[PDB]
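Beneath this line is the structure, given in structure tokens, with notes to follow.
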Protein chains: 2
Amino acid sequence: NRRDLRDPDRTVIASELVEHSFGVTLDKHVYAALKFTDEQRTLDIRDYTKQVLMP
Amino acid sequence: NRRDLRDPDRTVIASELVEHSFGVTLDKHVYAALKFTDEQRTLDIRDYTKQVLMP
């Protein structure tokens with residue numbers, strides 16, 4: 001605030017320092033799941049890091 | 001005290017040593033006070049130890 005100069009009143013208005021805070025939280029689970037029977041894991045997937053992992 | 005020589009009354013008058021005392025006490029508070037609002041301390045008073053301290 002501002003006050004006059006040489007005013008007979010001698011009061012000052014105090015100010016406020018209110019500090020806020022918010023937050024973020026985990027609320028989702030993004031997943032990709034693949035199930036392979038042993039037959040097609042053995043003799044249907046030529047290479048793993050090209051038919052499974054990359055997709 | 002004084003007594004005659006060869007006086008058969010062999011008596012001596014004792015003497016007393018009463019030591020006195022008297023004290024002083026602080027009873028007055030001599031003071032000189034000055035009040036300066038910040039406006040007249042910043043502007044009106046040019047030099048301090050010529051308007052405040054010396055008087």
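Residues are named by chain letter and number: chains run A, B, ... in the order of the structure tokens, numbers start at 1 in each chain, and ligands are numbered from 1 in the order shown.
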Could you list, as a tab-separated table (two decimals) with N, CA and C atoms, in the first residue's frame, the residues of chain B having an atom within 10 Å of chain A when counting only C-alpha atoms?
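Produced file selection-v5.tsv, reproduced below:
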```
chain	number	residue	atom	x	y	z
B	37	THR	N	9.43	11.60	13.94
B	37	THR	CA	8.77	10.78	12.94
B	37	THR	C	9.68	10.62	11.73
B	38	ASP	N	9.53	9.49	11.04
B	38	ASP	CA	10.48	9.13	9.99
B	38	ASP	C	10.56	10.19	8.90
B	39	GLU	N	9.45	10.88	8.63
B	39	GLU	CA	9.45	11.91	7.60
B	39	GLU	C	10.42	13.03	7.95
B	40	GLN	N	10.38	13.50	9.20
B	40	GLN	CA	11.25	14.60	9.59
B	40	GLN	C	12.64	14.13	9.98
```
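We find CA of residue 31 in chain B and CA of residue 52 in chain B to be spaced 13.8 Å apart.
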List the neighbours of residue 13 in chain A out to 9 Å using only C-alpha atoms; skip same-chain residues closer than 2 positions along the sequence, and give me the result as a compact mmCIF listing (two decimals) with N, CA and C atoms, in the first residue's frame.
```txt
# COMPACT_ATOMS: atom_id res chain seq x y z
N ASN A 1 0.82 -1.20 0.00
CA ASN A 1 0.00 0.00 0.00
C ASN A 1 0.86 1.25 0.00
N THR A 11 -0.29 4.76 10.91
CA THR A 11 -0.60 3.35 10.80
C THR A 11 -0.13 2.79 9.46
N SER A 15 0.76 -6.74 4.92
CA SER A 15 0.49 -7.56 3.75
C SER A 15 0.50 -9.04 4.13
```
